[PDB]
Number of protein chains: 10
Amino acid sequence: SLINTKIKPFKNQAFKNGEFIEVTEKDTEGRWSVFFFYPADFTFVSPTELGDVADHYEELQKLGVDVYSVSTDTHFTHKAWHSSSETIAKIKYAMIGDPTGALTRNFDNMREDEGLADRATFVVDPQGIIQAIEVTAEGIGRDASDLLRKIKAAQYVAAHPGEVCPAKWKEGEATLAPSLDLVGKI
Amino acid sequence: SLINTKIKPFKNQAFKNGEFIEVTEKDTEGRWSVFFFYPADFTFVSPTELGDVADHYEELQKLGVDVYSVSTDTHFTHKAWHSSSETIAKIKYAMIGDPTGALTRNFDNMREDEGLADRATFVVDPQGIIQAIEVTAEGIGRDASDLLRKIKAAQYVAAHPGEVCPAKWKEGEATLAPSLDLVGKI
Amino acid sequence: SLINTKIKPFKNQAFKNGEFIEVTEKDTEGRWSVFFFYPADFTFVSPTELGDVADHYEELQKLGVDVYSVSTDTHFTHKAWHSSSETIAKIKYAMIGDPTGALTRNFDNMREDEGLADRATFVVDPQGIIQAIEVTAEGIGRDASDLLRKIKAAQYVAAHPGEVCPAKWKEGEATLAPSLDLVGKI
Amino acid sequence: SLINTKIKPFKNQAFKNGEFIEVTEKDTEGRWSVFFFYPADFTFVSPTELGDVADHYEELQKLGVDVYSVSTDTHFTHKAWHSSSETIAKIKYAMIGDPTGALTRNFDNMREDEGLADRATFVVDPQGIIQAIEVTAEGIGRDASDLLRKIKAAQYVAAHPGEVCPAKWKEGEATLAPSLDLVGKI
Amino acid sequence: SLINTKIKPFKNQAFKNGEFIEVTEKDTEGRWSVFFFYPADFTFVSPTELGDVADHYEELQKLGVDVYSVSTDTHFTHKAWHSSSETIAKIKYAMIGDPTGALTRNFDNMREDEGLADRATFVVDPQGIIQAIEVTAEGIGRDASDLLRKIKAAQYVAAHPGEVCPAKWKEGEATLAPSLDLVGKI
Amino acid sequence: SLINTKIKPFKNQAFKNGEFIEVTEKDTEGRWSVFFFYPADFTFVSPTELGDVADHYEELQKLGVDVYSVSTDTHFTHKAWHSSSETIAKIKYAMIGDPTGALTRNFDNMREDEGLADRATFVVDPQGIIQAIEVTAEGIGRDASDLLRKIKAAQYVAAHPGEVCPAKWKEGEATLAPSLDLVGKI
Amino acid sequence: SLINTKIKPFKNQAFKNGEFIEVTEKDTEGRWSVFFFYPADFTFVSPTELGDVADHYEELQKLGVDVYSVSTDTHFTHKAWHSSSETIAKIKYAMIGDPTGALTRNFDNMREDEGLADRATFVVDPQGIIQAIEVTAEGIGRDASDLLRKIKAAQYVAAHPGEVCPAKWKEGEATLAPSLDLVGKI
Amino acid sequence: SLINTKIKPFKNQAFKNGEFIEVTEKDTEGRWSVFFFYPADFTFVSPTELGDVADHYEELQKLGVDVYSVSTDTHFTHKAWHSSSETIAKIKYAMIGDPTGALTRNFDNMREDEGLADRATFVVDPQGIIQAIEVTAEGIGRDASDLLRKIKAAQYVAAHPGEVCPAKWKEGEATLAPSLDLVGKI
Amino acid sequence: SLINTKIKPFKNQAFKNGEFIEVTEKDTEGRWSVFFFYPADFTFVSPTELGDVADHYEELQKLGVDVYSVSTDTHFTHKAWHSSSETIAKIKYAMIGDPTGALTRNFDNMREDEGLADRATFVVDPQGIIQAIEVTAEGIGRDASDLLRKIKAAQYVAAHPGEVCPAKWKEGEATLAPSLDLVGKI
Amino acid sequence: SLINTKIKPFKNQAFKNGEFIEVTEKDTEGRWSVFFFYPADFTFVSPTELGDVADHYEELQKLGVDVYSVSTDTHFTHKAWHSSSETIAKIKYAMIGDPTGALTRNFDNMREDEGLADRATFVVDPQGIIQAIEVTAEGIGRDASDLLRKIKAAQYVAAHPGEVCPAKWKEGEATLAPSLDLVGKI
């Protein structure tokens with residue numbers, strides 16, 4: 001898998017809050033990032049997923065997490081989608097266009113027979129290492145609240161070497177401190 | 001991503017409720033299956049994840065879903081861990097041993113430098129097609145509840161061709177019906 | 001050059017007068033076809049080129065010519081564009097989506113560094129042979145009147161073997177009857 | 001195709017206004033150039049095409065555009081043809097001989113089975129970049145007026161970065177200015 | 001060299017006494033042939049050579065010999081040259097056009113850097129076997145008289161197996177009858 | 001063809017006027033040379049050919065032309081043949097032995113199924129460039145007088161740049177002076 | 001065979017007397033080493049073998065020999081086994097975990113179809129050279145006292161260059177001094 | 001390792017009790033075999049080992065075990081060695097000669113830089129499966145008694161399906177009956 | 001070495017008793033044959049060797065042995081040499097001409113840098129198997145009497161299976177009988 | 001053939017007059033050497049051949065010729081053979097062992113299917129060049145007296161440049177002085 005591997009350099013145009021910009025791996029350095037891939041603009045499941053992420057974007061930014069949604073459509077298409085759909089209109093993060101498919105292939109996420117990216121999400125830490133991955137079938141929407149829980153645990157372990165987050169962990173709950181004595185006792 | 005691909009043939013020994021059994025892809029045919037990979041027996045995060053799934057086993061069995069946990073330890077080791085650990089003793093699903101690492105590699109889930117599988121979960125349908133995937137870093141435990149939501153979502157899309165489950169879908173909530181009129185409307 | 005070569009098999013989804021249909025080379029056999037490639041939807045020059053063609057569609061149809069616009073965007077995007085743009089709304093011909101870029105590559109017309117098709121037009125006869133080709137730079141708009149002239153010339157030499165259309169030929173003007181005596185005399 | 005690519009180096013013999021000269025890519029550097037390929041000397045369609053260009057040569061020269069006709073015939077043959085045909089007689093631009101076919105293949109315009117070049121026109125800017133391409137079947141003549149419209153549009157875009165020419169643009173007509181806001185509105 | 005080898009199949013367009021015909025290796029079978037290669041039409045040395053051969057055509061036809069001149073020019077060019085030159089107009093044999101260079105290459109006679117054939121002559125017997133080869137530099141004209149002496153010698157050995165024509169041999173002169181007795185006696 | 005190419009270096013043993021000498025490319029530098037190949041010593045046609053050349057040796061030497069007869073026999077064999085054949089005895093030039101076939105292959109003159117050289121002659125100028133080539137069948141003898149005309153024609157054009165020898169040219173006749181004005185005239 | 005070859009570099013985690021340590025080839029430099037491979041933890045023959053060795057561990061240490069048991073199980077497993085089994089509990093040497101199977105493949109001792117190491121023992125001298133090898137089938141336990149005999153013999157020939165140990169050799173008994181005179185005598 | 005693999009086919013000349021014979025794999029089928037390799041005849045350690053094996057030949061024969069000693073010497077050398085050596089003379093089993101090194105290489109036992117076999121012993125059961133392997137360095141002689149124990153253990157397991165022999169097992173001691181209940185117990 | 005290998009098919013021209021013949025391997029089948037290679041005709045050591053063999057030809061023929069002398073010269077040269085030399089004149093066996101070098105190379109006897117065969121002798125039995133080989137430097141002549149001792153020895157072992165000829169063996173002396181007693185005795 | 005090639009470097013153990021030594025190409029530099037290959041020790045023919053050579057050791061030594069017998073047996077076997085055979089016991093030259101078959105292969109003298117050298121003899125000069133070769137079948141013994149003749153003739157041609165030894169040459173007999181005049185007269 002790509003788990004625990006460094007993301008690859010990339011260069012893409014994106015639509016973000018009314019303007020076109022260029023995004024590269026340099027923009028991710030030193031930051032937590034979420035690469036949110038979806039099949040295509042103007043579809044059915046994708047907007048509700050992108051809307052869901054938008055509903056948690058202020059919390060993600062406060063956590064120092066940037067979000068980049070990615071599809072194989074052009075940034076021009078994203079711009080138009082943003083103007084015509086009310087749920088896409090609330091998006092204030094960068095919507096990356098990946099028409100050559102290089103960003104999508106970098107994440108091993110292209111459905112070759114369709115020219116579209118699969119429904120996948122990648123959490124990337126400040127050193128660019130992928131810490132959590134989620135991929136679902138075409139007809140199955142993702143859940144932003146699950147993404148957030150995983151991000152908080154990833155941030156928690158980064159700040160607490162020697163500790164690990166048990167299943168279901170949430171801020172305030174007990175963690176584990178790996179030791180030779182704890183081996184077999186849990 | 002192995003999303004939307006058929007699982008490959010396999011034959012592994014396993015430990016299940018007191019005895020050793022052989023498990024192959026034939027056992028998965030016609031059923032919903034969950035392949036739950038974890039790094040190693042007698043560790044910290046893993047036990048909590050395995051117990052968490054055990055807590056939902058009744059629910060999963062009622063959904064006609066079989067659980068197969070997998071690690072590169074042997075089935076002998078799984079039996080030993082099942083005797084000495086409170087949490088592991090409550091496991092009633094099959095614990096597959098994958099010492100050759102072939103099962104783990106079939107799922108592109110091997111940490112080659114460690115000889116251990118990554119923390120990955122695969123939801124597989126009755127036709128052997130992978131419908132959902134989740135992979136997390138070593139120190140981040142999974143949450144069985146998220147898994148259950150995706151499973152139900154998958155079973156719903158399988159039972160209702162023409163319908164897809166939007167973001168955060170839960171049984172009882174509206175679904176979407178892809179059509180030409182819906183394009184751009186959501 | 002692809003001049004005088006037969007078009008290759010293809011299968012693509014498209015938007016046409018309110019509905020999504022599938023187009024293959026079988027749909028072009030026995031008819032005159034114009035493949036009209038453009039970079040991307042929601043752009044600037046492309047809209048004018050598509051409208052210009054739509055302005056001549058009545059004429060092209062009387063001539064028994066089908067038109068297929070092609071871009072690497074999806075058919076969903078075309079539909080959204082057909083609804084938000086007043087000039088695109090007048091397109092009554094098929095708008096083919098080519099997200100995998102296969103069709104575009106068949107016509108050797110892909111700008112690989114952009115994942116977008118170049119501004120090219122191909123006139124194909126009923127036998128599937130390419131009789132005319134036009135390609136212009138990104139910022140230069142094509143002229144539909146010019147396309148029509150080429151089509152009529154191609155249709156003339158088609159129906160009148162042994163006869164060829166000289167420079168500036170139009171419907172009704174003098175043609176040439178290639179013979180040994182005329183050699184070197186013009 | 002070769003759209004937006006730089007022309008390759010070449011060195012060929014040509015007949016021009018009563019004398020034999022050598023033409024290389026250095027001759028095109030700093031100037032706008034049209035490479036006009038035709039199948040063969042002493043034929044039928046070609047004559048009317050080369051003459052049509054000669055009729056527009058004054059205009060082309062005023063626009064700083066040179067013209068180079070090309071066929072796989074030798075320069076000797078061009079000289080004889082110029083001195084035996086009233087139409088070819090009025091040609092003042094360079095008539096290049098490409099007996100090795102190298103120039104023709106550089107432009108990917110060789111009919112390998114006949115050893116003759118196809119009816120292709122290439123508009124090359126002062127930096128050697130190909131900005132417009134036209135290819136027609138053997139029995140279809142080209143129109144020099146169409147060529148002039150493309151050169152003017154090409155020259156205009158080169159002189160006005162940030163501006164593009166819509167379909168059917170002519171000197172003095174409204175041009176487009178690609179903005180983020182214009183996306184989807186045109 | 002190609003001495004004593006069978007010519008390869010070919011299919012070219014040629015000019016012969018006011019008309020255009022097709023020439024294949026099937027037209028040579030059953031007869032004596034002379035393949036006369038020259039650089040280019042409308043030149044200097046070639047006409048004198050083609051004319052010289054024309055001055056011996058009568059004698060050759062009597063000897064059942066067919067002459068085919070070959071250059072990389074087209075058959076159209078040959079027709080135009082026939083008309084414009086006093087010496088060329090008296091050519092009654094077939095003038096083959098080899099624009100693809102295939103025929104010239106079958107005889108290993110192409111000057112690759114010029115795209116023109118070298119000054120070479122090949123004498124081929126009724127079975128397609130090359131019996132004599134002559135090749136001279138660009139500025140060295142051939143002599144039809146010598147061609148005839150060789151044609152006669154070739155025809156003599158063909159009709160008199162066991163006998164060979166010594167140096168300088170000519171019709172009605174002492175030939176040689178190879179035998180074990182003559183070894184080292186001549 | 002090997003026409004207009006430079007001979008390759010070589011180092012062979014030869015028999016000349018009663019002694020064994022070594023001949024290399026150096027020996028040809030700055031001198032006109034004729035490489036006279038023949039199949040084998042003690043044969044039939046070859047003696048008469050080698051004798052014919054012997055008769056024109058004065059004339060050739062006077063013209064600054066050296067003669068080298070070549071066969072795949074050794075130099076020992078040449079001496080023996082020079083001592084037993086009245087005609088061979090008159091040979092004053094060098095008889096090269098090419099047992100390895102190297103020299104013969106340098107001139108692309110080997111009958112591979114026999115290990116013997118074909119009946120071929122090469123005229124080489126002082127710069128080592130092949131200016132004339134003649135090859136005949138096994139049973140056909142060569143005519144020295146034909147060689148001299150070509151040698152003279154070769155020497156002429158070498159000392160009269162800009163001028164070319166027409167067909168049948170002989171010392172003391174009208175040569176051609178190519179130009180843009182003589183194109184088509186002749 | 002790997003007999004008389006140097007061990008390859010390796011890096012593994014081990015369990016030793018209550019703690020986890022890292023072992024590499026560096027740790028064996030300058031000491032006699034025994035690499036004791038076995039199939040899997042929590043099994044039947046293996047425990048008795050490991051215990052057999054533990055019972056000889058004091059004598060081995062007096063001989064300056066370190067012992068490393070190796071299986072493809074993890075070091076966590078070894079710890080659990082050390083706590084749960086009475087015979088394993090008496091092991092005071094390092095228990096190496098080799099989940100990648102690298103150490104195992106270095107010694108060409110992997111049962112590829114099981115992902116388990118074979119029942120093999122290797123004696124390695126201070127310079128890392130293998131001086132003795134033993135491998136038995138899955139069902140055949142090894143005898144630690146035979147190991148010791150070979151170790152003592154390996155140490156003897158090492159400290160006495162010029163002497164070899166005959167069969168059945170025990171400390172104190174006669175040895176041989178290879179000489180030319182001793183050839184064929186014994 | 002070659003453990004648990006089937007021996008390959010071979011054909012070698014051997015010396016056995018005064019005469020020369022031929023041994024092949026066929027001779028090992030249905031019986032127990034011990035392939036005893038040694039470096040060279042007329043040496044020091046080897047004689048003592050071969051003699052040791054001789055001392056146990058009765059015991060081995062009663063056990064149904066055939067013994068083949070192997071070295072890269074010829075069978076001629078073996079005979080001569082069997083005459084001049086008191087120890088070798090007492091050998092009554094087959095002494096295989098393997099000058100091509102083929103038999104030795106089948107058992108992966110060749111010291112390539114010496115052309116001599118290493119000191120290795122293989123125990124092969126009636127089905128040709130290698131059950132035990134022992135290899136010692138040049139100066140370390142083997143012990144026949146340990147071979148016997150291993151053979152008896154190999155025979156006991158073969159004759160007692162479901163049982164395995166623990167460390168230090170000898171006829172009359174406790175064996176193990178692998179079962180799920182025993183996992184972790186020993 | 002070629003010793004004990006079968007000769008390869010060949011077809012060469014040869015001179016034998018005043019006539020030219022063809023020799024192939026069919027000629028050698030069922031007969032003892034001697035292939036006598038020498039560097040070149042008309043030399044120095046060769047005649048004496050060929051003459052030496054000729055002095056023994058009557059004895060050889062009586063023993064059913066044929067002789068084929070071989071050199072890379074032609075059969076014509078052999079004929080000439082047969083007339084001019086009193087020694088060669090006595091040769092009654094076939095003198096094979098091998099101008100292509102194939103026969104010589106079949107016997108791995110070519111001096112590549114000279115194009116001449118080395119001084120080698122090969123004795124070939126009726127089944128085409130090479131039983132004796134002799135090769136000497138350029139200046140060392142061979143001795144036919146020794147060739148005769150070998151032929152006789154080879155014939156003896158062929159007609160007396162189980163018997164071998166000791167060193168110096170000659171018609172009449174005692175031979176040896178390979179067995180088991182004579183091992184190490186002689 | 002290895003005739004006229006330099007011997008390759010080698011390092012081998014050997015038995016020489018009661019002691020083992022090491023022989024390398026160094027030992028042959030500056031001296032005449034004879035390498036005598038034979039199949040195997042303790043055989044039948046080889047003994048007589050080796051003794052025959054020993055009978056000529058004095059002579060050979062007085063000539064500055066060293067002898068090295070070679071077989072793929074070890075030097076240990078040679079020693080034992082030198083002690084159990086009256087005739088091998090009289091050998092005073094070096095008996096090289098070549099169990100790796102490397103020395104034997106350097107002289108292209110290995111019977112691959114037996115692992116033994118063929119009966120071959122090589123005479124090497126002070127510069128390490130092979131001047132004479134003799135190879136015989138298994139059952140054909142060599143003659144030392146013929147070897148001696150070739151050795152003397154080889155020493156003569158070396159110490160007398162310009163002279164060669166005719167067939168059957170023995171010291172004190174006529175030699176040949178290779179020159180242009182003698183060509184053909186012998």
# chains A, B, ... in the order shown; residues from 1 in each chain; ligands from 1

call {"tool": "residues_around", "arguments": {"residues": "residue 171 of chain F", "least_positions_apart": "2", "cutoff": "12 Å", "atoms": "only C-alpha atoms", "output": "PyMOL selection string"}}
result
chain F and resi 148-157+165-166+168-169+173-175

call {"tool": "residues_around", "arguments": {"residues": "residue 62 of chain B", "least_positions_apart": "3", "cutoff": "12 Å", "atoms": "only C-alpha atoms", "output": "PyMOL selection string"}}
result
chain B and resi 32+56-59+65-66+148+152

call {"tool": "atom_distance", "arguments": {"atom1": "atom CA of residue 27 of chain C", "atom2": "atom CA of residue 183 of chain B"}}
result
25.6 Å

call {"tool": "select_by_dssp", "arguments": {"residues": "segment 38-139 of chain I", "states": "helix (DSSP H, G or I)", "output": "count of residues only"}}
result
36

call {"tool": "closest_atom_pairs", "arguments": {"of": "chain E", "to": "chain I", "cutoff": "10 Å", "atoms": "only C-alpha atoms", "output": "Markdown table"}}
result
| residue | atom | partner | partner_atom | distance |
| --- | --- | --- | --- | --- |
| E:179 | CA | I:20 | CA | 9.9 |
| E:180 | CA | I:19 | CA | 6.9 |
| E:181 | CA | I:18 | CA | 8.9 |
| E:183 | CA | I:76 | CA | 6.7 |
| E:184 | CA | I:80 | CA | 6.6 |
| E:185 | CA | I:80 | CA | 9.7 |

call {"tool": "atom_distance", "arguments": {"atom1": "atom CA of residue 69 of chain H", "atom2": "atom CA of residue 50 of chain H"}}
result
7.5 Å

call {"tool": "select_by_dssp", "arguments": {"residues": "segment 13-122 of chain E", "states": "strand (DSSP E)", "output": "ChimeraX atom specification"}}
result
/E:13-16,19-24,32-37,65-71,94-97,110-111,116-117,119-122

call {"tool": "write_last_selection", "arguments": {"atoms": "N, CA and C atoms", "output": "compact mmCIF listing (two decimals), in the first residue's frame"}}
result
# COMPACT_ATOMS: atom_id res chain seq x y z
N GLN E 13 5.23 3.24 -61.97
CA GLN E 13 4.50 3.94 -63.02
C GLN E 13 5.57 4.43 -63.99
N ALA E 14 5.31 4.31 -65.28
CA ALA E 14 6.27 4.73 -66.28
C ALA E 14 5.62 5.47 -67.43
N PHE E 15 6.44 6.20 -68.16
CA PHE E 15 5.97 6.93 -69.33
C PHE E 15 6.57 6.21 -70.52
N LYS E 16 5.73 5.90 -71.51
CA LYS E 16 6.21 5.21 -72.70
C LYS E 16 5.42 5.62 -73.93
N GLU E 19 2.07 7.61 -73.44
CA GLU E 19 1.10 7.13 -72.46
C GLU E 19 1.72 6.63 -71.15
N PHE E 20 0.87 6.51 -70.14
CA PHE E 20 1.29 6.04 -68.83
C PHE E 20 0.91 4.59 -68.66
N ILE E 21 1.89 3.78 -68.28
CA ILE E 21 1.66 2.36 -68.07
C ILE E 21 2.26 1.97 -66.73
N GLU E 22 1.95 0.77 -66.27
CA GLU E 22 2.47 0.26 -65.02
C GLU E 22 3.51 -0.78 -65.40
N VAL E 23 4.62 -0.83 -64.68
CA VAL E 23 5.67 -1.81 -64.99
C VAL E 23 6.05 -2.66 -63.78
N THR E 24 5.87 -3.97 -63.89
CA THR E 24 6.23 -4.88 -62.81
C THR E 24 7.28 -5.86 -63.31
N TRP E 32 15.07 -10.18 -72.36
CA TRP E 32 16.31 -9.57 -71.93
C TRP E 32 15.98 -8.13 -71.57
N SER E 33 16.46 -7.68 -70.42
CA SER E 33 16.19 -6.32 -69.96
C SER E 33 17.45 -5.55 -69.58
N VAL E 34 17.36 -4.24 -69.74
CA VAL E 34 18.45 -3.36 -69.37
C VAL E 34 17.83 -2.32 -68.46
N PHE E 35 18.29 -2.25 -67.22
CA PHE E 35 17.79 -1.25 -66.29
C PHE E 35 18.82 -0.15 -66.26
N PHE E 36 18.42 0.98 -66.85
CA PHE E 36 19.28 2.15 -66.97
C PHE E 36 18.91 3.23 -65.96
N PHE E 37 19.69 3.30 -64.88
CA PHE E 37 19.49 4.27 -63.80
C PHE E 37 20.25 5.58 -64.03
N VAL E 65 15.83 -7.17 -76.67
CA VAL E 65 16.16 -6.47 -75.44
C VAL E 65 15.20 -5.33 -75.14
N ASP E 66 14.75 -5.26 -73.89
CA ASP E 66 13.85 -4.19 -73.48
C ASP E 66 14.63 -3.22 -72.60
N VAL E 67 14.47 -1.92 -72.86
CA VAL E 67 15.16 -0.92 -72.08
C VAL E 67 14.21 -0.16 -71.17
N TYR E 68 14.62 -0.03 -69.91
CA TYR E 68 13.84 0.70 -68.91
C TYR E 68 14.78 1.69 -68.24
N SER E 69 14.50 2.98 -68.40
CA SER E 69 15.32 4.01 -67.77
C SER E 69 14.72 4.24 -66.39
N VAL E 70 15.55 4.59 -65.42
CA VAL E 70 15.04 4.79 -64.07
C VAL E 70 15.67 5.96 -63.33
N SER E 71 14.82 6.81 -62.75
CA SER E 71 15.26 7.94 -61.94
C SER E 71 14.24 8.02 -60.82
N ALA E 94 10.40 2.57 -72.32
CA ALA E 94 9.74 2.97 -71.08
C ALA E 94 10.61 3.75 -70.10
N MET E 95 10.06 4.86 -69.62
CA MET E 95 10.74 5.71 -68.65
C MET E 95 10.03 5.50 -67.31
N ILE E 96 10.71 4.78 -66.42
CA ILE E 96 10.15 4.46 -65.11
C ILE E 96 10.39 5.52 -64.05
N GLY E 97 9.34 5.84 -63.30
CA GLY E 97 9.45 6.81 -62.23
C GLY E 97 9.55 6.05 -60.93
N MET E 110 20.87 3.47 -54.59
CA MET E 110 20.46 4.78 -54.10
C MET E 110 21.57 5.62 -53.48
N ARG E 111 21.58 6.91 -53.78
CA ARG E 111 22.55 7.83 -53.17
C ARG E 111 21.65 8.42 -52.08
N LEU E 116 18.63 10.51 -54.98
CA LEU E 116 18.69 10.24 -56.42
C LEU E 116 19.47 8.95 -56.66
N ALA E 117 19.20 8.28 -57.78
CA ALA E 117 19.91 7.04 -58.12
C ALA E 117 21.28 7.36 -58.74
N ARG E 119 24.57 6.53 -61.46
CA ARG E 119 24.65 6.19 -62.89
C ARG E 119 25.01 4.71 -62.98
N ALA E 120 23.99 3.87 -63.02
CA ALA E 120 24.21 2.43 -63.08
C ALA E 120 23.36 1.74 -64.12
N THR E 121 23.94 0.72 -64.74
CA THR E 121 23.24 -0.05 -65.76
C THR E 121 23.25 -1.53 -65.43
N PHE E 122 22.10 -2.17 -65.52
CA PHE E 122 22.03 -3.59 -65.24
C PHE E 122 21.48 -4.39 -66.42

call {"tool": "atom_distance", "arguments": {"atom1": "atom CA of residue 167 of chain C", "atom2": "atom CA of residue 51 of chain D"}}
result
8.8 Å

call {"tool": "residues_around", "arguments": {"residues": "residue 9 of chain H", "least_positions_apart": "5", "cutoff": "10 Å", "atoms": "only C-alpha atoms", "output": "PDB file with C-alpha atoms, in the first residue's frame"}}
result
ATOM      1  CA  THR H  24      21.821 -45.089 -10.334  1.00  0.00           C
ATOM      2  CA  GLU H  25      18.882 -43.676  -8.393  1.00  0.00           C
ATOM      3  CA  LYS H  26      16.974 -46.888  -9.216  1.00  0.00           C
ATOM      4  CA  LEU H 103      26.506 -36.479  -8.353  1.00  0.00           C
ATOM      5  CA  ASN H 106      23.117 -32.787  -7.391  1.00  0.00           C
TER       6      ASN H 106
END

call {"tool": "residues_around", "arguments": {"residues": "residue 40 of chain C", "least_positions_apart": "2", "cutoff": "7 Å", "atoms": "only C-alpha atoms", "output": "list in words"}}
result
residues 38, 42, 43, 71, 72, 73 and 116 of chain C

call {"tool": "residues_around", "arguments": {"residues": "residue 47 of chain C", "least_positions_apart": "6", "cutoff": "8 Å", "atoms": "only C-alpha atoms", "output": "PyMOL selection string"}}
result
(chain C and resi 41+87-88) or (chain D and resi 186)

call {"tool": "write_last_selection", "arguments": {"atoms": "N, CA and C atoms", "output": "tab-separated table (two decimals), in the first residue's frame"}}
result
chain	number	residue	atom	x	y	z
C	41	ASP	N	-14.33	22.18	-21.48
C	41	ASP	CA	-15.61	22.85	-21.33
C	41	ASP	C	-15.40	24.08	-20.46
C	87	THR	N	-24.82	29.70	-25.55
C	87	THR	CA	-24.37	29.30	-26.87
C	87	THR	C	-24.23	27.78	-26.92
C	88	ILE	N	-23.84	27.16	-25.81
C	88	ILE	CA	-23.72	25.71	-25.80
C	88	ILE	C	-25.13	25.10	-25.81
D	186	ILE	N	-19.38	32.64	-21.48
D	186	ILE	CA	-19.33	32.79	-22.93
D	186	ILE	C	-20.22	31.75	-23.62

call {"tool": "decode", "arguments": {"residues": "segment 43-51 of chain B", "atoms": "N, CA and C atoms", "output": "PDB file, in the first residue's frame"}}
result
ATOM      1  N   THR B  43       0.587  -7.790  20.899  1.00  0.00           N
ATOM      2  CA  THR B  43       0.980  -6.390  20.869  1.00  0.00           C
ATOM      3  C   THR B  43      -0.033  -5.507  21.575  1.00  0.00           C
ATOM      4  N   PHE B  44       0.035  -4.207  21.321  1.00  0.00           N
ATOM      5  CA  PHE B  44      -0.817  -3.252  22.012  1.00  0.00           C
ATOM      6  C   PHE B  44      -2.075  -2.757  21.317  1.00  0.00           C
ATOM      7  N   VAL B  45      -1.928  -2.042  20.205  1.00  0.00           N
ATOM      8  CA  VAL B  45      -3.104  -1.552  19.494  1.00  0.00           C
ATOM      9  C   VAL B  45      -3.983  -2.689  18.962  1.00  0.00           C
ATOM     10  N   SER B  46      -3.355  -3.678  18.333  1.00  0.00           N
ATOM     11  CA  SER B  46      -4.077  -4.807  17.735  1.00  0.00           C
ATOM     12  C   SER B  46      -5.150  -5.474  18.601  1.00  0.00           C
ATOM     13  N   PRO B  47      -4.814  -5.832  19.847  1.00  0.00           N
ATOM     14  CA  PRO B  47      -5.795  -6.475  20.723  1.00  0.00           C
ATOM     15  C   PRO B  47      -7.063  -5.644  20.831  1.00  0.00           C
ATOM     16  N   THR B  48      -6.901  -4.346  21.077  1.00  0.00           N
ATOM     17  CA  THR B  48      -8.065  -3.483  21.213  1.00  0.00           C
ATOM     18  C   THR B  48      -8.901  -3.467  19.933  1.00  0.00           C
ATOM     19  N   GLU B  49      -8.245  -3.506  18.772  1.00  0.00           N
ATOM     20  CA  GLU B  49      -8.984  -3.513  17.510  1.00  0.00           C
ATOM     21  C   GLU B  49      -9.744  -4.828  17.332  1.00  0.00           C
ATOM     22  N   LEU B  50      -9.077  -5.939  17.632  1.00  0.00           N
ATOM     23  CA  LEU B  50      -9.677  -7.260  17.491  1.00  0.00           C
ATOM     24  C   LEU B  50     -10.855  -7.456  18.459  1.00  0.00           C
ATOM     25  N   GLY B  51     -10.727  -6.911  19.666  1.00  0.00           N
ATOM     26  CA  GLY B  51     -11.792  -7.029  20.645  1.00  0.00           C
ATOM     27  C   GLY B  51     -12.979  -6.197  20.211  1.00  0.00           C
TER      28      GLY B  51
END
